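There is one chain below, alone, in structure tokens, taken in the form deposited in one PDB entry.
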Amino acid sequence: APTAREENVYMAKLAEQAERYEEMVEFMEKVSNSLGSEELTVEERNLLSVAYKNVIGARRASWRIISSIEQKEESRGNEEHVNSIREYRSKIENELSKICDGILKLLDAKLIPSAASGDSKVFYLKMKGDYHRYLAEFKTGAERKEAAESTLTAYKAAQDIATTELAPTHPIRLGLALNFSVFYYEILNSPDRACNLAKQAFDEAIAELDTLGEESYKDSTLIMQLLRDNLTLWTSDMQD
């Protein structure tokens, strides 16, 4: 008979196919919390990441829409709408904090201690950076600073391992660079660093591609086009 873990994994892929991502998350948390000294497979770790990404992504999307509307009603001094719009935003922000807290607890309680290779360590520390970053996106003042510090520490830890243990064309290393650059740009408001880091990661990948190739070309290719897209956007906005 199938193991409970086999069963949960299959359910998670059913949830993915039905686009029921909150339930996907719960199936993959049952898997993660059932670990001993072993760690998740590449497939399992990616199911868990995809589930969380989707769950948080719907809220971030809603948050952005509500923030636009709020800024627009601010510009007209229309205060009773502003209050209701902020009531709504507060609700969304409470979900964002809960979601991030779920994966962040899971990361330091189960996933990061279990990581046994360079691939999985970087994968989980970048996830830790990502989730702290999503908190930073809507906080201010002291709470914001803390999220920013947490993000920077996680990304730095991930990058120390990535640059010494993964190839420059590795999708996870490239994904880390992309996000790290976005962190400097959107949270630290430092387009100078954002560009240098994105550019360096792009250039090292190109160099490796031009001399040694890379096994998984598809993934690297997409991420490096994302790095370029951000560089083009950020540097055209600078000269504006």
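In this text, residue numbers run from 1 along the sequence as written. Here the rigid core means the biggest group of C-alpha atoms that line up within 1.5 Å when the two forms are laid on top of each other. Only residues modelled in both forms are compared.
Heads up, the form deposited in another entry isn't pictured, but that's what we're talking about next.
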Rigid-core-referenced C-alpha movement of 2 Å or more between the shown form and the other one, selected from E214, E186, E204, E44
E214
With a shift of at least 3 angstroms, figure out whether the C-alpha spacing between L212 and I172 grows or shrinks in the other entry: closer or farther?
closer
Say whether the C-alpha atoms of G213 and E44 sit closer together or farther apart in the other entry than in the form shown here, given that their separation changes by 3 Å or more.
closer
After fitting on the rigid core, list every run of 3 or more consecutive residues where each C-alpha shifts 2 Å or more between the shown form and the other one, in sequence order.
35-37, 210-215
